[PDB]
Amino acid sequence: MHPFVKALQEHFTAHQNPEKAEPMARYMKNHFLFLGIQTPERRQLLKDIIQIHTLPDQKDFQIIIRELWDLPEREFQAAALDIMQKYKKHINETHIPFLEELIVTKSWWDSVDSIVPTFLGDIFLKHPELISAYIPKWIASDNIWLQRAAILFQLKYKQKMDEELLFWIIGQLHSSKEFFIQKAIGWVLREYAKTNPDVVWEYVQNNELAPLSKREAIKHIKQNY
């Protein structure tokens, strides 16, 4: 019902590509319909609408994202996250519950990974005293996407990584059977090893991990030991 969303829906729909829609949907295990609009085109179509309408007032940004989240085609959720990025300066700790909602609604790796290391990563850098109100809850929830959020919110931190916290989180989730948890553990360890390889190596040599997780973690540093 928001005019910005109505305009975006019309403009995206007018530029759909049925020939791309099928393999795009298959790539996400057919969890979602697709219009068939890949990222470069999608972002330019969004730009078109912003250039016509101007960016809506920040009082509207949650409403816009919610309405886009409810549309059937997956590009509307990807575009909602592109839009959320344009309100970056207005996003703060009071928005964590909204981000939780997005993580657990129409969940898959494409949306969850686009929410977590940027938006939640930045919030918890400014408010690290709020981590304990969320991360333990997420780990205990048995929702795999909140669990993956606990693992990956520090993914881009590099020298800012809280090492003891990262390793505690990983230890809590290492016995998960879930592909998306085993793989997230491998990813965050591999990535942090680009910054602090010796402590990742020590960790993986002295703490239990699923074999997927361990192999992925040491992919680039194993030839140094």
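Rigid core here is just the name for the largest C-alpha set that superposes within 1.5 Å across the two forms. Quick note: we count residues from 1 along the sequence shown, nothing fancier.
Participant: Relative to this form, superposed by the core, which stretch has the greater CA RMS in 8 other deposited structures of this protein: 153 to 161 or 181 to 189?
Facilitator: Farther on average in 8 other deposited structures of this protein: 153 to 161.
Participant: Would 9 to 17 or 202 to 210 have the larger average of its C-alpha temperature factors, as given in the entry?
Facilitator: Between 202 to 210 and 9 to 17, it is 9 to 17 that shows the higher mean C-alpha B-factor.
Participant: Highest mean C-alpha temperature factor of the two stretches 30 to 38 and 182 to 190, which is it?
Facilitator: Between 30 to 38 and 182 to 190, it is 30 to 38 that shows the higher mean C-alpha B-factor.
Participant: Of the choices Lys86, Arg74, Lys137, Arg148, which one's C-alpha carries the largest B-factor in the record?
Facilitator: Each of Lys86, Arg74, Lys137, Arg148 was compared by C-alpha B-factor; the highest is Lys86.
Participant: Among the modelled residues of its chain, does the C-alpha B-factor of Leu45 lie in the lowest, middle or highest third?
Facilitator: For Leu45, whose C-alpha B-factor we compare with every modelled residue in the chain, the answer is the middle third.
Participant: Comparing against every modelled residue in the chain, figure out the third that the C-alpha B-factor of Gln58 lands in (lowest, middle or highest).
Facilitator: Answer is highest: the recorded C-alpha B-factor places it there.
Participant: Taking only the Cα B-factors deposited for this chain, tell me whether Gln51 sits in the lowest, middle or highest third.
Facilitator: Its C-alpha B-factor, which the entry lists for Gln51, ranks in the highest third among residues of this chain.
Participant: Test of reading the entry: by CA B factor among the chain's modelled residues, which third contains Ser132?
Facilitator: Tercile = lowest for this residue's CA B-factor.
Participant: Would you please rank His174 by its C-alpha temperature factor against the other modelled residues of its chain and give the third it falls in: lowest, middle or highest?
Facilitator: It falls in the middle third of the chain.
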